[PDB]
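Take a look at this single chain, the form deposited in one PDB entry, given in structure tokens.
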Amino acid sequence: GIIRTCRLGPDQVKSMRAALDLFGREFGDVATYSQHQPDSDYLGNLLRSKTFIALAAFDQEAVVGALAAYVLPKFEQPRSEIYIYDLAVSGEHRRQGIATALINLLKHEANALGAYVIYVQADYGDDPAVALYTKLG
């Protein structure tokens, strides 16, 4: 099959948008992730920052997995923490190690970035007004 992963840059706004559509489909909320996407200048600036990380997995050059995380530059100490906000894999590519692959790339990014920890969603998904995270490390 061959699934490739990479960190999206300001030059890959198109894949970023494709990753957003995947989020919409996997979360059962297409409107939220596909009908009100920000413009390209905004998406380009976001992907250009060092405190936001977008990871995508490709199958036949189509987005099949996406990971969106934020880097929190801390105030108490000169250190940073990563929080995986959204993570989803195509329903047709589950249990293949894709999310695992995105997270390993994320760890690669964290190390280069210097982040000392990574939090993930202690998901049940339903979480309307609640958002729990667990320490991946």
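One rule holds for the numbers: they count along the sequence shown, beginning at 1. For the two forms, the rigid core is made up of the largest set of C-alpha atoms that agree within 1.5 Å on superposition.
One more form of this protein should be noted, the form deposited in another entry, which is absent from this view; the next part is about it.
- With a cut-off of 2 Å and the rigid core superposed, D127 has a Cα displacement that reaches or exceeds the cut-off between this form and the one not shown.
- A shift of at least 3 angstroms pushes the Cα atoms of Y42 and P128 further from each other in the other entry than in the displayed structure.
- A decrease of at least 3 Å in the separation of the C-alpha atoms of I118 and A129 is found in the other entry, compared with the displayed form.
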